[PDB]
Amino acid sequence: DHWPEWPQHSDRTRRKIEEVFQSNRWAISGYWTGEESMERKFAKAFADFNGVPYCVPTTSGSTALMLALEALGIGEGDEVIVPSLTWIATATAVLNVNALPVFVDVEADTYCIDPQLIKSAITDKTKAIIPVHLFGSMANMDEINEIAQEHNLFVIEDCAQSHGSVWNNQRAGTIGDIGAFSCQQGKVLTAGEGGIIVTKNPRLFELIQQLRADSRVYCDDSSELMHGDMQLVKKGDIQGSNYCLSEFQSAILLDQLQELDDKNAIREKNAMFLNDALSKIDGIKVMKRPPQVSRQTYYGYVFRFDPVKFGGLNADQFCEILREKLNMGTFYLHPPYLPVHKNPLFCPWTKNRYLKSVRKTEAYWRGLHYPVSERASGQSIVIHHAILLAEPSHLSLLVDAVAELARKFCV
């Protein structure tokens, strides 16, 4: 018996792959072979799951974010507000469309973009905001939508770490103008690599299709197609490139989606258990869950600690101790990563592909200051969601480990 690992599959996953082989259609750009593509089947299923009208699968979360921006007409001379604490893609997607990402610090108890700091970052160039529902929390969409409405700004939800979360009875991604998701191996819904884009607007739906299929859209009626006909047809309303997801991946996502809500329920149940237990340890502070959140998807379970009460340990050392005591990998228990502006992987100034005006210089980005997002990697622990799938008796070990470590520093 060991800790739950990730990814996870079953014979159902295998059968979906076999279905792709049987259809002999490996791409949506391939021709019709008799029945609907895995892409459309997944898109329809995910649309119902999110209670959103339109869904367009794509290649990755990074590309989903990029196309979302393109669909909204964002480009050179524009500014896009994003949180400092998130994966660098949230910011590089902006640079990819020739726009300038503008960082805003996150809230101390949610690690999501601080609404009260967004207003000060708005300029005449600001065109949109990309809130990120980080780890196991949601950005305050009540506040964000209010700011967006008042300042005429678009909203793109980066839901790569929150498939299925619910804010005021709306699934994450359906709240903003366009929702973007990642299906990379570590995420709760994955096919190794993959992306998803959702929107409520019909026009954006057509634009997004074209943006990912070299300016093409689905034919008028797929029920009329005969074996050998193309399902994608020319449109040309907006220039796109090839960002189509392979049928093999759409098939795996279809399979994984079948158990997504239930597994999320299990993770959430265990997360609350941890909140109850861990919150009773002096010096330990769990994240603050807003009343508006009725369902929280935990891509990562996060809890913070007071170094003053824990022998001055940094998150790295804290995690090392826990991992040795619980015998779990670094991939499953570790501190949050560095904020984007300080992250070595974020280095815009290194390539000519980026406009000189937006890539700036190393000093410009590295010199930015966002206290909360910066201190996060030094005093908080992240538990990968796979662990949240373990039996309660096993999770207790984690709580005991933290308790033991606390008793050691208790004077």
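Quick note: we count residues from 1 along the sequence shown, nothing fancier.
The mean Cα B-factor in the deposited entry runs higher for 280-288 than for the other of 280-288 and 75-83. Of the two segments, 65-73 and 350-358, the one listed with the higher mean B-factor is 350-358 (C-alpha atoms only). For the set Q149, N242, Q184, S250, the maximum C-alpha B-factor listed in the entry falls on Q149. Per the PDB record, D316 has a higher Cα B-factor than any other of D214, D316, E193, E157. Ranked by C-alpha B-factor against the other modelled residues of its chain, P307 falls in the highest third.
Per-chain ranking of the deposited C-alpha B factor places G179 in the lowest third. Annotation for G173: CA B-factor lies in the lowest third of the chain's modelled residues. The deposited CA B-factor of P115 belongs to the highest third of values across its chain. Ranked by Cα temperature factor within the chain, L333 sits in the middle third according to the deposited record.
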